[PDB]
Structure formats: structure tokens, C-alpha cells
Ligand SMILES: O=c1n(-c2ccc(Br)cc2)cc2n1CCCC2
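Here we start with a single chain on its own, the form deposited without the ligand, put down as C-alpha cells.
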């Protein structure tokens, strides 16, 4: 559980926002990319796994699950690649709600930045800091407990 992440791809302003969610805490990292390709997803995962102890990733779709480049990155970084099928259906709704929430925050900051990528990083900040603990606090506590 401390090492489980879920990928999530959402769209805004004709661009793609790729999100990784730490399932147990709700903590996220995100980036704007021109389109979801295997190469972009693979690079995003390499970044994520260098920053947090990523053991398992539930991939967001079958193309990324199949991608040889995504598979290469998961091999390189020691990540177990799994499907993202919500066997528990409350999983879908949780991600859906998060995408709506993230888009809301993006709208609230959009005018403070010229570029979407900046607004997305502002949204990541607000999401991870929002309080009762924050997602940032929860992920650190979960991983620290696991290390001990």
C-alpha cells in the first residue's frame, strides 16, 4: 500500500494533463504534455520513481500498459506495472471527482499564470497542501511508518 500509485489522464484547453495519484494518501504529481504517448508516460514515471518509492503503478489505459517504452521505464525503475481496472468501482468515482476538483482549482488560478503548465503546478500545490492532515502530510507519514 505505501508504494501504490495510479495514473490518470485528463484534458483541458486542447492539452493533456497527466496525473499520478498516491492511492493511500491522495497526494499527486502532474504535468502538462501535448498528447499522451508511451514516451511521455515513460518519462513521467521515471521522474516519479526517482522522487518517491514507487513499487506498483496502475496504468491509466491499455495503450500505456502495452507500450514498450512504458514497459522499459517500469523495468528500469523497478516498478510493477499493473492494469487500472476498477474491480472496486468506487475507484472510478474517486478519480473522476479528483479531475473535477483539479480543474476547479486550475480555473481559480488560471488568471495568475500565462501558461497552463504553471496553473497545473499551482493546482498540484493547493491540492497537496489542502487540509485534519493534508495529502502531503499523509504520504510522508505512510512512507515513514513503512520504513520503520
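Numbering follows the first chain given and starts at 1.
Quick note: we don't show the form solved in complex with the ligand, though the next part is all about it.
### Task
Look up in the bound PDB entry whether residue 84 has a non-hydrogen atom within 4.5 angstroms of the ligand, and give yes or no.
No, residue 84 is distant from the partner.
### 4.5 Å heavy atom contact, residue 102 to the ligand in the bound PDB entry
Output for residue 102 is yes: heavy atoms within 4.5 Å of the ligand.
### Task
Could you list the residues in 33-52 that come within 4.5 Å of the ligand in the bound PDB entry, counting only heavy atoms and keeping sequence order?
None of them.
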